[PDB]
Structures are given as C-alpha cells and as structure tokens.
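Content type compact mmCIF, N, CA and C atoms and all ligand atoms, from the file target.txt:
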```txt
# COMPACT_ATOMS: atom_id res chain seq x y z
N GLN P 1 -21.08 19.18 160.14
CA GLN P 1 -21.15 19.38 161.58
C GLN P 1 -21.87 20.69 161.87
N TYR P 2 -22.58 20.74 162.99
CA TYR P 2 -23.33 21.92 163.40
C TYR P 2 -22.83 22.42 164.75
N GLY P 3 -22.61 23.72 164.85
CA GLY P 3 -22.24 24.36 166.11
C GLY P 3 -20.93 23.94 166.75
N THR P 4 -19.87 23.80 165.96
CA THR P 4 -18.55 23.49 166.50
C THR P 4 -17.51 24.54 166.13
N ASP P 5 -17.93 25.70 165.64
CA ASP P 5 -17.02 26.75 165.22
C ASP P 5 -17.71 28.10 165.37
N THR P 6 -16.91 29.15 165.52
CA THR P 6 -17.49 30.49 165.62
C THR P 6 -17.86 31.07 164.26
N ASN P 7 -17.34 30.50 163.18
CA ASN P 7 -17.70 30.84 161.81
C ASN P 7 -18.34 29.62 161.15
N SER P 8 -18.82 29.79 159.92
CA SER P 8 -19.58 28.77 159.23
C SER P 8 -19.09 28.59 157.79
N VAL P 9 -19.58 27.54 157.15
CA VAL P 9 -19.48 27.30 155.71
C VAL P 9 -20.87 27.52 155.13
N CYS P 10 -20.97 28.32 154.07
CA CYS P 10 -22.29 28.64 153.52
C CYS P 10 -22.32 28.51 152.00
N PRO P 11 -23.34 27.88 151.43
CA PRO P 11 -23.56 27.99 149.99
C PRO P 11 -23.88 29.43 149.60
N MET P 12 -23.39 29.85 148.43
CA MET P 12 -23.55 31.24 148.01
C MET P 12 -25.02 31.64 147.89
N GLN P 13 -25.89 30.72 147.49
CA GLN P 13 -27.30 31.03 147.33
C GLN P 13 -28.00 31.39 148.64
N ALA P 14 -27.42 31.04 149.79
CA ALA P 14 -28.05 31.31 151.07
C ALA P 14 -27.64 32.64 151.69
N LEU P 15 -26.73 33.38 151.07
CA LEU P 15 -26.24 34.63 151.64
C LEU P 15 -27.26 35.75 151.47
N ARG P 16 -27.34 36.63 152.47
CA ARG P 16 -28.25 37.77 152.47
C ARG P 16 -27.54 38.99 153.03
N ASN P 17 -28.10 40.17 152.76
CA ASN P 17 -27.55 41.42 153.26
C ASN P 17 -27.70 41.53 154.77
N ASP P 18 -26.69 42.13 155.41
CA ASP P 18 -26.74 42.37 156.85
C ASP P 18 -27.84 43.36 157.21
N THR P 19 -28.39 43.20 158.42
CA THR P 19 -29.36 44.13 158.99
C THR P 19 -29.01 44.37 160.45
N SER P 20 -29.51 45.47 161.00
CA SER P 20 -29.21 45.84 162.37
C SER P 20 -30.35 45.44 163.31
N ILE P 21 -30.01 45.31 164.59
CA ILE P 21 -30.96 44.98 165.64
C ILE P 21 -31.34 46.19 166.48
N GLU P 22 -30.76 47.36 166.21
CA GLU P 22 -30.93 48.52 167.09
C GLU P 22 -32.39 48.96 167.17
N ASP P 23 -33.11 48.92 166.06
CA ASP P 23 -34.51 49.31 166.04
C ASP P 23 -35.47 48.13 166.16
N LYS P 24 -34.98 46.96 166.58
CA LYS P 24 -35.81 45.76 166.67
C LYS P 24 -35.65 45.07 168.02
N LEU P 25 -35.30 45.82 169.06
CA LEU P 25 -35.10 45.24 170.37
C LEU P 25 -36.43 44.91 171.05
N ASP P 26 -36.41 43.87 171.88
CA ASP P 26 -37.54 43.42 172.69
C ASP P 26 -38.72 42.89 171.87
N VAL P 27 -38.52 42.54 170.60
CA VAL P 27 -39.56 41.92 169.79
C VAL P 27 -39.01 40.66 169.13
N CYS P 28 -39.91 39.74 168.81
CA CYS P 28 -39.54 38.46 168.22
C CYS P 28 -39.12 38.66 166.76
N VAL P 29 -37.91 38.20 166.41
CA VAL P 29 -37.38 38.28 165.06
C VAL P 29 -36.75 36.95 164.68
N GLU P 30 -36.63 36.72 163.38
CA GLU P 30 -35.80 35.63 162.87
C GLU P 30 -34.37 36.15 162.73
N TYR P 31 -33.39 35.32 163.11
CA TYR P 31 -32.01 35.76 163.08
C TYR P 31 -31.12 34.75 162.36
N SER P 32 -30.03 35.27 161.79
CA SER P 32 -28.98 34.47 161.15
C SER P 32 -27.66 35.16 161.48
N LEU P 33 -26.93 34.60 162.43
CA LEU P 33 -25.72 35.22 162.96
C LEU P 33 -24.54 34.30 162.65
N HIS P 34 -23.73 34.68 161.66
CA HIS P 34 -22.57 33.91 161.21
C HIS P 34 -22.93 32.45 160.93
N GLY P 35 -24.12 32.24 160.37
CA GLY P 35 -24.60 30.91 160.06
C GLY P 35 -25.47 30.24 161.11
N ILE P 36 -25.57 30.78 162.32
CA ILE P 36 -26.43 30.23 163.37
C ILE P 36 -27.79 30.91 163.29
N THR P 37 -28.85 30.13 163.04
CA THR P 37 -30.18 30.69 162.80
C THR P 37 -31.15 30.29 163.90
N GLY P 38 -32.24 31.06 164.01
CA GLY P 38 -33.27 30.79 165.00
C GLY P 38 -34.27 31.93 165.07
N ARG P 39 -35.15 31.84 166.07
CA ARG P 39 -36.08 32.89 166.45
C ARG P 39 -35.78 33.32 167.88
N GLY P 40 -35.94 34.60 168.17
CA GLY P 40 -35.68 35.06 169.52
C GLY P 40 -35.91 36.55 169.70
N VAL P 41 -35.77 36.98 170.95
CA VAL P 41 -35.95 38.37 171.38
C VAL P 41 -34.64 38.86 171.99
N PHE P 42 -34.18 40.02 171.56
CA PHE P 42 -32.86 40.53 171.90
C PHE P 42 -32.97 41.76 172.80
N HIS P 43 -32.05 41.87 173.76
CA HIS P 43 -32.02 42.99 174.70
C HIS P 43 -30.58 43.34 175.03
N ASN P 44 -30.28 44.64 175.12
CA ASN P 44 -28.93 45.11 175.41
C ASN P 44 -28.57 44.84 176.87
N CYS P 45 -27.37 44.30 177.10
CA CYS P 45 -27.00 43.76 178.41
C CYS P 45 -25.52 44.03 178.69
N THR P 46 -25.15 43.92 179.96
CA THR P 46 -23.74 43.93 180.33
C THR P 46 -23.04 42.67 179.82
N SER P 47 -21.82 42.84 179.31
CA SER P 47 -21.10 41.76 178.65
C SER P 47 -20.68 40.68 179.63
N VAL P 48 -20.97 39.42 179.28
CA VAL P 48 -20.50 38.25 180.01
C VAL P 48 -19.98 37.22 179.01
N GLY P 49 -19.15 36.30 179.49
CA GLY P 49 -18.55 35.29 178.64
C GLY P 49 -17.40 35.83 177.80
N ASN J 1 -45.62 38.43 228.34
CA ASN J 1 -45.13 39.25 227.24
C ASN J 1 -45.48 38.58 225.92
N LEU J 2 -46.46 39.14 225.21
CA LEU J 2 -46.93 38.57 223.95
C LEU J 2 -46.43 39.35 222.74
N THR J 3 -45.35 40.11 222.89
CA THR J 3 -44.92 41.04 221.83
C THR J 3 -44.58 40.32 220.53
N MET J 4 -43.89 39.18 220.61
CA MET J 4 -43.42 38.51 219.41
C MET J 4 -44.56 38.05 218.50
N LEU J 5 -45.72 37.74 219.07
CA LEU J 5 -46.85 37.21 218.32
C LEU J 5 -47.80 38.28 217.79
N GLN J 6 -47.58 39.55 218.09
CA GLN J 6 -48.51 40.60 217.70
C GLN J 6 -47.95 41.41 216.54
N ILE J 7 -48.87 41.97 215.75
CA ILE J 7 -48.51 42.82 214.63
C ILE J 7 -48.15 44.20 215.16
N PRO J 8 -46.94 44.69 214.90
CA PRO J 8 -46.54 46.00 215.42
C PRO J 8 -47.42 47.10 214.85
N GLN J 9 -47.61 48.15 215.64
CA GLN J 9 -48.43 49.29 215.25
C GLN J 9 -47.53 50.45 214.84
N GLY J 10 -47.90 55.71 208.19
CA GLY J 10 -47.44 54.81 207.11
C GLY J 10 -48.38 53.64 206.91
N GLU J 11 -48.08 52.78 205.94
CA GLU J 11 -48.94 51.60 205.66
C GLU J 11 -48.81 50.59 206.81
N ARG J 12 -49.92 49.96 207.19
CA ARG J 12 -49.90 49.00 208.29
C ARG J 12 -49.15 47.73 207.90
N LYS J 13 -48.50 47.13 208.88
CA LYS J 13 -47.77 45.89 208.66
C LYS J 13 -48.73 44.70 208.65
N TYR J 14 -48.26 43.59 208.09
CA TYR J 14 -49.10 42.40 207.99
C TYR J 14 -48.40 41.15 208.51
N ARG J 15 -47.32 41.31 209.27
CA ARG J 15 -46.60 40.17 209.81
C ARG J 15 -46.10 40.49 211.21
N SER J 16 -46.24 39.52 212.11
CA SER J 16 -45.66 39.66 213.43
C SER J 16 -44.15 39.45 213.36
N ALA J 17 -43.47 39.71 214.48
CA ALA J 17 -42.02 39.59 214.50
C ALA J 17 -41.57 38.15 214.24
N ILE J 18 -42.25 37.18 214.86
CA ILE J 18 -41.85 35.78 214.69
C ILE J 18 -42.14 35.31 213.26
N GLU J 19 -43.25 35.77 212.67
CA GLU J 19 -43.53 35.47 211.27
C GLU J 19 -42.45 36.05 210.36
N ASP J 20 -41.99 37.26 210.67
CA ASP J 20 -40.89 37.84 209.92
C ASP J 20 -39.64 36.99 210.02
N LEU J 21 -39.32 36.51 211.22
CA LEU J 21 -38.11 35.70 211.38
C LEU J 21 -38.22 34.39 210.60
N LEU J 22 -39.41 33.78 210.58
CA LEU J 22 -39.58 32.53 209.85
C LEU J 22 -39.46 32.74 208.34
N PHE J 23 -40.12 33.76 207.81
CA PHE J 23 -40.10 33.99 206.36
C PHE J 23 -38.70 34.37 205.87
N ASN J 24 -37.90 35.03 206.71
CA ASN J 24 -36.56 35.45 206.30
C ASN J 24 -35.59 34.29 206.16
N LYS J 25 -35.90 33.13 206.72
CA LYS J 25 -35.01 31.97 206.63
C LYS J 25 -35.36 31.03 205.48
N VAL J 26 -36.35 31.38 204.67
CA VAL J 26 -36.81 30.53 203.57
C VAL J 26 -36.60 31.29 202.26
N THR J 27 -35.98 30.63 201.28
CA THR J 27 -35.74 31.23 199.98
C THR J 27 -36.89 30.85 199.05
N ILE J 28 -37.69 31.85 198.66
CA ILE J 28 -38.84 31.65 197.80
C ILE J 28 -38.76 32.64 196.64
N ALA J 29 -38.90 32.13 195.42
CA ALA J 29 -38.88 32.99 194.24
C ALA J 29 -40.15 33.83 194.16
N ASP J 30 -39.99 35.04 193.62
CA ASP J 30 -41.11 35.96 193.45
C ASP J 30 -41.85 35.66 192.16
N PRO J 31 -43.14 35.29 192.21
CA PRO J 31 -43.86 34.97 190.96
C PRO J 31 -44.23 36.19 190.14
N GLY J 32 -44.19 37.39 190.71
CA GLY J 32 -44.49 38.62 189.99
C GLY J 32 -45.91 38.73 189.46
N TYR J 33 -46.91 38.72 190.35
CA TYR J 33 -48.31 38.72 189.91
C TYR J 33 -48.68 40.01 189.20
N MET J 34 -48.15 41.14 189.65
CA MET J 34 -48.58 42.44 189.14
C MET J 34 -48.00 42.73 187.76
N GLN J 35 -46.67 42.71 187.65
CA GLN J 35 -46.01 43.13 186.41
C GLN J 35 -44.77 42.30 186.09
N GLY J 36 -44.77 41.01 186.45
CA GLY J 36 -43.60 40.17 186.24
C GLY J 36 -43.18 39.99 184.79
N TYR J 37 -44.11 40.13 183.85
CA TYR J 37 -43.78 39.98 182.43
C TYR J 37 -42.78 41.04 181.99
N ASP J 38 -43.02 42.30 182.35
CA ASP J 38 -42.10 43.38 181.99
C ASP J 38 -40.76 43.25 182.72
N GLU J 39 -40.80 42.83 183.98
CA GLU J 39 -39.57 42.61 184.72
C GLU J 39 -38.70 41.55 184.06
N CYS J 40 -39.32 40.47 183.58
CA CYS J 40 -38.55 39.46 182.85
C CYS J 40 -38.10 39.98 181.49
N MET J 41 -38.87 40.88 180.87
CA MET J 41 -38.42 41.52 179.64
C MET J 41 -37.11 42.26 179.87
N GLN J 42 -36.94 42.84 181.06
CA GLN J 42 -35.66 43.46 181.38
C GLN J 42 -34.62 42.38 181.66
N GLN J 43 -34.23 41.63 180.62
CA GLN J 43 -33.42 40.44 180.82
C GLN J 43 -32.09 40.78 181.45
N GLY J 44 -31.54 39.81 182.18
CA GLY J 44 -30.20 39.90 182.69
C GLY J 44 -29.68 38.52 183.00
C1 LIG P 101 -59.86 45.40 202.29
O1 LIG P 101 -59.10 44.40 201.63
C2 LIG P 101 -58.13 44.90 200.69
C3 LIG P 101 -57.47 43.70 200.08
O2 LIG P 101 -56.79 42.94 201.07
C4 LIG P 101 -57.14 45.82 201.40
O3 LIG P 101 -56.27 46.38 200.42
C5 LIG P 101 -54.89 46.22 200.55
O4 LIG P 101 -54.39 47.14 201.51
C6 LIG P 101 -52.96 47.09 201.65
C7 LIG P 101 -52.59 48.06 202.75
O5 LIG P 101 -52.97 49.38 202.40
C8 LIG P 101 -52.28 47.43 200.33
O6 LIG P 101 -50.88 47.33 200.51
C9 LIG P 101 -49.99 48.17 199.85
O7 LIG P 101 -49.85 47.81 198.47
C10 LIG P 101 -48.89 48.62 197.75
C11 LIG P 101 -48.89 48.11 196.33
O8 LIG P 101 -48.38 46.78 196.27
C12 LIG P 101 -48.24 46.29 194.97
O9 LIG P 101 -47.17 46.94 194.30
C13 LIG P 101 -45.87 46.73 194.88
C14 LIG P 101 -44.88 47.49 194.04
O10 LIG P 101 -45.25 48.85 193.91
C15 LIG P 101 -45.56 45.24 194.96
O11 LIG P 101 -44.30 45.10 195.62
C16 LIG P 101 -46.66 44.50 195.69
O12 LIG P 101 -46.48 43.09 195.62
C17 LIG P 101 -45.60 42.49 196.52
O13 LIG P 101 -46.12 42.53 197.86
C18 LIG P 101 -47.37 41.84 198.03
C19 LIG P 101 -47.77 42.01 199.48
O14 LIG P 101 -47.91 43.39 199.81
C20 LIG P 101 -47.21 40.38 197.63
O15 LIG P 101 -48.47 39.73 197.73
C21 LIG P 101 -46.69 40.28 196.21
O16 LIG P 101 -46.45 38.92 195.87
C22 LIG P 101 -45.41 41.06 196.09
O17 LIG P 101 -44.41 40.41 196.86
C23 LIG P 101 -43.04 40.48 196.60
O18 LIG P 101 -42.47 41.67 197.15
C24 LIG P 101 -42.62 41.79 198.58
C25 LIG P 101 -42.01 43.11 198.98
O19 LIG P 101 -40.62 43.12 198.70
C26 LIG P 101 -41.95 40.60 199.26
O20 LIG P 101 -42.17 40.69 200.66
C27 LIG P 101 -42.54 39.31 198.73
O21 LIG P 101 -41.87 38.19 199.30
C28 LIG P 101 -42.39 39.27 197.23
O22 LIG P 101 -41.02 39.20 196.85
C29 LIG P 101 -47.99 44.81 195.05
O23 LIG P 101 -48.06 44.23 193.75
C30 LIG P 101 -47.53 48.49 198.41
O24 LIG P 101 -46.61 49.34 197.73
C31 LIG P 101 -47.61 48.89 199.86
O25 LIG P 101 -46.34 48.73 200.48
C32 LIG P 101 -46.09 49.43 201.66
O26 LIG P 101 -46.66 48.83 202.83
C33 LIG P 101 -46.19 47.50 203.09
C34 LIG P 101 -46.94 47.02 204.31
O27 LIG P 101 -46.72 47.89 205.41
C35 LIG P 101 -44.69 47.55 203.30
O28 LIG P 101 -44.21 46.22 203.51
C36 LIG P 101 -44.04 48.15 202.08
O29 LIG P 101 -42.63 48.21 202.25
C37 LIG P 101 -44.60 49.52 201.84
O30 LIG P 101 -44.28 50.34 202.96
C38 LIG P 101 -44.41 51.73 203.02
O31 LIG P 101 -45.72 52.16 202.70
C39 LIG P 101 -45.97 53.57 202.90
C40 LIG P 101 -47.40 53.81 202.49
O32 LIG P 101 -47.63 53.37 201.15
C41 LIG P 101 -44.98 54.40 202.10
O33 LIG P 101 -45.16 55.77 202.44
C42 LIG P 101 -43.56 53.99 202.44
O34 LIG P 101 -42.62 54.69 201.64
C43 LIG P 101 -43.35 52.50 202.23
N1 LIG P 101 -41.98 52.25 202.63
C44 LIG P 101 -41.37 51.07 202.68
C45 LIG P 101 -40.72 50.72 203.98
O35 LIG P 101 -41.34 50.32 201.71
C46 LIG P 101 -48.66 48.04 200.54
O36 LIG P 101 -48.26 46.68 200.54
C47 LIG P 101 -52.78 46.46 199.26
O37 LIG P 101 -52.24 46.76 197.99
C48 LIG P 101 -54.30 46.52 199.18
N2 LIG P 101 -54.80 45.58 198.20
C49 LIG P 101 -55.66 45.90 197.23
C50 LIG P 101 -56.05 47.35 197.13
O38 LIG P 101 -56.12 45.06 196.47
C51 LIG P 101 -57.90 46.93 202.10
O39 LIG P 101 -57.01 47.75 202.85
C52 LIG P 101 -58.93 46.34 203.05
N3 LIG P 101 -59.68 47.41 203.68
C53 LIG P 101 -59.80 47.51 205.00
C54 LIG P 101 -60.67 48.63 205.49
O40 LIG P 101 -59.23 46.75 205.77
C1 LIG P 102 -40.95 41.41 225.47
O1 LIG P 102 -40.09 40.65 224.65
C2 LIG P 102 -39.58 41.39 223.53
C3 LIG P 102 -38.70 40.44 222.75
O2 LIG P 102 -39.39 39.21 222.52
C4 LIG P 102 -38.82 42.62 224.02
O3 LIG P 102 -38.43 43.40 222.90
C5 LIG P 102 -37.08 43.53 222.58
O4 LIG P 102 -36.39 44.31 223.54
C6 LIG P 102 -35.00 44.54 223.22
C7 LIG P 102 -34.43 45.34 224.36
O5 LIG P 102 -35.16 46.55 224.54
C8 LIG P 102 -34.88 45.26 221.88
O6 LIG P 102 -33.50 45.38 221.54
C9 LIG P 102 -35.60 44.46 220.81
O7 LIG P 102 -35.56 45.13 219.56
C10 LIG P 102 -37.04 44.21 221.21
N1 LIG P 102 -37.72 43.41 220.21
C11 LIG P 102 -38.89 43.75 219.67
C12 LIG P 102 -39.42 45.10 220.05
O8 LIG P 102 -39.50 43.00 218.92
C13 LIG P 102 -39.72 43.47 224.91
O9 LIG P 102 -39.02 44.59 225.42
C14 LIG P 102 -40.26 42.64 226.06
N2 LIG P 102 -41.15 43.43 226.88
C15 LIG P 102 -41.00 43.53 228.20
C16 LIG P 102 -41.66 44.70 228.85
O10 LIG P 102 -40.36 42.70 228.84
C1 LIG P 103 -26.79 44.24 149.47
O1 LIG P 103 -25.59 44.99 149.57
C2 LIG P 103 -24.92 45.21 148.32
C3 LIG P 103 -23.66 45.98 148.63
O2 LIG P 103 -23.98 47.19 149.30
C4 LIG P 103 -25.84 45.94 147.35
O3 LIG P 103 -25.19 46.03 146.08
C5 LIG P 103 -27.13 45.16 147.19
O4 LIG P 103 -28.04 45.86 146.36
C6 LIG P 103 -27.78 44.93 148.54
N1 LIG P 103 -28.96 44.12 148.32
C7 LIG P 103 -30.19 44.49 148.69
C8 LIG P 103 -31.28 43.52 148.36
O5 LIG P 103 -30.40 45.56 149.25
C1 LIG P 104 -25.82 48.87 175.33
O1 LIG P 104 -25.26 48.84 176.62
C2 LIG P 104 -23.92 49.26 176.71
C3 LIG P 104 -23.36 48.94 178.08
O2 LIG P 104 -24.30 49.27 179.08
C4 LIG P 104 -23.85 50.74 176.30
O3 LIG P 104 -22.54 51.24 176.31
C5 LIG P 104 -24.37 50.84 174.87
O4 LIG P 104 -24.37 52.15 174.38
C6 LIG P 104 -25.79 50.30 174.78
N1 LIG P 104 -26.24 50.35 173.41
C7 LIG P 104 -27.13 51.23 172.92
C8 LIG P 104 -27.43 51.08 171.44
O5 LIG P 104 -27.66 52.09 173.59
```

Kindly transcribe the structure held in the file into structure tokens.
Amino acid sequence: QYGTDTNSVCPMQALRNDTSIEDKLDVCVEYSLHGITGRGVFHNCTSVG
Amino acid sequence: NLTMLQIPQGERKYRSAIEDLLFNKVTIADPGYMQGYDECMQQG
C-alpha cells in the first residue's frame, strides 16, 4: 500500500543519510521524507494542519 | 451634474467614481504582470 501511514516500510538497501533543507530553500530538489518521495520546492511557512 | 462620470483631479487617477463602484463589486484575480513569479515564490 502507498500513502496510508505517516511512517513507511523500507528495504535496507534503499536507506540513505539524512540531509537538511535549510540551505536549499526556494530551489528544486529531490526529496525522500519518511519514505514519501518526489520533486519540489520548499519554503518556510506558518504552521497549518 | 456630471461628477460621477468624470475622472477626479500626486499621480493622476484613471477611473471615474462610477467605474470605481463597478470594479469594486467584481472579484478578479491579479495576474501579476510585473513580478508575479517572485510573489508566488513567497508561498503561503
Ligand atoms: C504615455 O503612456 C504611458 C503608458 O500608458 C504613461 O505611463 C504610465 O503613467 C502612469 C501614471 O504616471 C504610471 O502609473 C504609475 O505606475 C506605478 C508603477 O506601477 C507598477 O508597479 C506597481 C507596484 O509598485 C503595481 O501595483 C502596478 O500594477 C498594478 O496596477 C496597474 C495599473 O496601474 C495594473 O495594470 C496592474 O495589473 C497592477 O494591478 C493590480 O494592482 C492594482 C493596485 O492595487 C489593482 O487596482 C489591480 O486590480 C491589480 O490588483 C504596476 O506594475 C504605480 O505605483 C503608480 O501608482 C500610483 O498612482 C495610481 C494612479 O493614481 C494609484 O492608483 C496608486 O495607488 C499610486 O498612487 C500614488 O502615487 C503617488 C505618485 O507615485 C505616490 O506619491 C503615492 O504614495 C501613491 N499612493 C497611493 C494612494 O497608493 C501609478 O499607477 C504607469 O506606470 C505608466 N506606465 C508606463 C511608464 O509604462 C505615460 O504617463 C503617458 N504619458 C503622457 C504624457 O500621458
Ligand atoms: C453632484 O453629485 C455628486 C454625487 O453624484 C455630489 O457629490 C457627493 O456629495 C456628497 C455631499 O457633499 C459627498 O458626501 C460625496 O462624497 C460626493 N461624492 C463625490 C464627490 O463623488 C456632488 O456634490 C453633486 N454636485 C452638486 C453641486 O450638486
Ligand atoms: C551516514 O551516517 C553514518 C553515521 O553518522 C556514518 O557512519 C556514514 O559514514 C554516513 N554516510 C555517508 C555516506 O556520509
Ligand atoms: C521558519 O519560520 C518560523 C515561524 O515563522 C520561525 O520561527 C523559524 O525560525 C523559521 N526558520 C528559519 C530557519 O529561519
């Protein structure tokens, strides 16, 4: 199943070291957040949800 | 009395009073011709 949990199941071979977004704001990056992957542009915002 | 149809007499205005009243009752999105790309970059 895809996208039904806030955490994921991952094969060990797919794991990578964490990186920060602080020096990569407002530019297109590839992301992998707790198993959810994609491309996008990130900006600091007031918290909602 | 033709006041409502005339442009009032800083930078000069470009709308009469009645034109102002009409435009204020219509909701139109701003396309941002000058710098809309950066404004959208300021996401919210
Ligand atoms: C020969 O022809 C040329 C071409 O026609 C003539 O040149 C034009 O002359 C006029 C008059 O001098 C110039 O107008 C000024 O332009 C300023 C710059 O505007 C740009 O930047 C703005 C942000 O900084 C931006 O908002 C603006 O774009 C919005 O507005 C335009 C219309 O003006 C729309 O087409 C855009 O889509 C956009 O609209 C959105 O925002 C609007 C405003 O909220 C909404 O109404 C709209 O629905 C949209 O949501 C553009 O990119 C601009 O700053 C100047 O603004 C002042 O004057 C106008 C008109 O009186 C007021 O309405 C403003 O509020 C503001 O007022 C006061 O001005 C004085 C003096 O600057 C200032 O001291 C005071 O503090 C201001 N205070 C207030 C109350 O706000 C003004 O619009 C125009 O740019 C020229 N075009 C060029 C050079 O290409 C030329 O004169 C002709 N020659 C002869 C001899 O006739
Ligand atoms: C012509 O009509 C306009 C309205 O269409 C009059 O202007 C208004 O007058 C009232 C009362 O002084 C003000 O509160 C409004 O703000 C005015 N509206 C404007 C200036 O757009 C105007 O006084 C009339 N002229 C005469 C001489 O009858
Ligand atoms: C990832 O982090 C671990 C623990 O700090 C470290 O041992 C490893 O070398 C890091 N890998 C890379 C490629 O930097
Ligand atoms: C992001 O915004 C929040 C809330 O406005 C602020 O407290 C925080 O410090 C900002 N982050 C950075 C890295 O400046």

**Report entry** Test item: chain P residues at most 8 Å from chain J, counting all atoms listed in the file, as a count of residues only
**Finding:** 6

Query - Within 7 Å of stretch 18-25 of chain J using only N, CA and C atoms, minus same-chain residues under 5 positions, as a PyMOL selection string - result: chain J and resi 3-6

Requested in this report: Could the residues that lie within 6.5 Å of ligand LIG 103 (chain P), counting only N, CA and C atoms and all ligand atoms, be listed as a ChimeraX atom specification?
Outcome: /P:16-18

Query - Secondary structure check, strand (DSSP E) residues of chain P, as a list in words - result: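 The strand (DSSP E) residues within chain P come out as residues 28, 29, 30, 31, 32, 33, 36, 37, 38, 39, 40 and 41 of chain P.
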
DSSP on the backbone, then: every residue of chain J marked alpha helix (DSSP H), written as a PDB file with N, CA and C atoms, in the coordinates of the input.
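Output file selection.pdb is given in full below:
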```pdb
ATOM      1  N   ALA J  17     -43.470  39.710 214.480  1.00  0.00           N
ATOM      2  CA  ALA J  17     -42.020  39.590 214.500  1.00  0.00           C
ATOM      3  C   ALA J  17     -41.570  38.150 214.240  1.00  0.00           C
ATOM      4  N   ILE J  18     -42.250  37.180 214.860  1.00  0.00           N
ATOM      5  CA  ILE J  18     -41.850  35.780 214.690  1.00  0.00           C
ATOM      6  C   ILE J  18     -42.140  35.310 213.260  1.00  0.00           C
ATOM      7  N   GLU J  19     -43.250  35.770 212.670  1.00  0.00           N
ATOM      8  CA  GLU J  19     -43.530  35.470 211.270  1.00  0.00           C
ATOM      9  C   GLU J  19     -42.450  36.050 210.360  1.00  0.00           C
ATOM     10  N   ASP J  20     -41.990  37.260 210.670  1.00  0.00           N
ATOM     11  CA  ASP J  20     -40.890  37.840 209.920  1.00  0.00           C
ATOM     12  C   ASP J  20     -39.640  36.990 210.020  1.00  0.00           C
ATOM     13  N   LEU J  21     -39.320  36.510 211.220  1.00  0.00           N
ATOM     14  CA  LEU J  21     -38.110  35.700 211.380  1.00  0.00           C
ATOM     15  C   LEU J  21     -38.220  34.390 210.600  1.00  0.00           C
ATOM     16  N   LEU J  22     -39.410  33.780 210.580  1.00  0.00           N
ATOM     17  CA  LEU J  22     -39.580  32.530 209.850  1.00  0.00           C
ATOM     18  C   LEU J  22     -39.460  32.740 208.340  1.00  0.00           C
ATOM     19  N   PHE J  23     -40.120  33.760 207.810  1.00  0.00           N
ATOM     20  CA  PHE J  23     -40.100  33.990 206.360  1.00  0.00           C
ATOM     21  C   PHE J  23     -38.700  34.370 205.870  1.00  0.00           C
ATOM     22  N   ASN J  24     -37.900  35.030 206.710  1.00  0.00           N
ATOM     23  CA  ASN J  24     -36.560  35.450 206.300  1.00  0.00           C
ATOM     24  C   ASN J  24     -35.590  34.290 206.160  1.00  0.00           C
ATOM     25  N   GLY J  36     -44.770  41.010 186.450  1.00  0.00           N
ATOM     26  CA  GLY J  36     -43.600  40.170 186.240  1.00  0.00           C
ATOM     27  C   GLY J  36     -43.180  39.990 184.790  1.00  0.00           C
ATOM     28  N   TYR J  37     -44.110  40.130 183.850  1.00  0.00           N
ATOM     29  CA  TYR J  37     -43.780  39.980 182.430  1.00  0.00           C
ATOM     30  C   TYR J  37     -42.780  41.040 181.990  1.00  0.00           C
ATOM     31  N   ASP J  38     -43.020  42.300 182.350  1.00  0.00           N
ATOM     32  CA  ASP J  38     -42.100  43.380 181.990  1.00  0.00           C
ATOM     33  C   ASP J  38     -40.760  43.250 182.720  1.00  0.00           C
ATOM     34  N   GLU J  39     -40.800  42.830 183.980  1.00  0.00           N
ATOM     35  CA  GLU J  39     -39.570  42.610 184.720  1.00  0.00           C
ATOM     36  C   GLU J  39     -38.700  41.550 184.060  1.00  0.00           C
ATOM     37  N   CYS J  40     -39.320  40.470 183.580  1.00  0.00           N
ATOM     38  CA  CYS J  40     -38.550  39.460 182.850  1.00  0.00           C
ATOM     39  C   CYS J  40     -38.100  39.980 181.490  1.00  0.00           C
ATOM     40  N   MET J  41     -38.870  40.880 180.870  1.00  0.00           N
ATOM     41  CA  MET J  41     -38.420  41.520 179.640  1.00  0.00           C
ATOM     42  C   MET J  41     -37.110  42.260 179.870  1.00  0.00           C
TER      43      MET J  41
END
```

Report summary line: Shortest contact to ligand LIG 101 (chain P), candidates J:2, J:26, J:34, J:17, atoms counted only N, CA and C atoms and all ligand atoms, goes to J:34

Requested in this report: To one decimal in Å, tell me the separation between atom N1 of ligand LIG 102 (chain P) and atom CA of residue J:12.
Outcome: 17.9 Å

Draw an axis-aligned box tight on the listed atoms of stretch 14-29 of chain J, then pad every side by 8 Å and write out centre and edge lengths in Å to one decimal as JSON.
```
{"center_x": -42.1, "center_y": 37.1, "center_z": 204.5, "size_x": 30.1, "size_y": 29.1, "size_z": 36.7}
```

Report as CSV the residues of chain J within 8 Å of ligand LIG 101 (chain P), each with its shortest atom pair and distance in Å (one decimal), using only C-alpha atoms and all ligand atoms, ordered by chain and increasing residue number.
```
residue,atom,partner,partner_atom,distance
J:10,CA,P:LIG101,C39,4.6
J:11,CA,P:LIG101,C40,4.2
J:12,CA,P:LIG101,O27,4.4
J:13,CA,P:LIG101,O27,4.0
J:14,CA,P:LIG101,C34,6.3
J:28,CA,P:LIG101,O21,7.4
J:29,CA,P:LIG101,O22,7.1
J:30,CA,P:LIG101,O22,4.7
J:31,CA,P:LIG101,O16,6.8
J:32,CA,P:LIG101,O16,6.2
J:33,CA,P:LIG101,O16,6.2
J:34,CA,P:LIG101,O23,5.0
J:35,CA,P:LIG101,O23,7.7
```
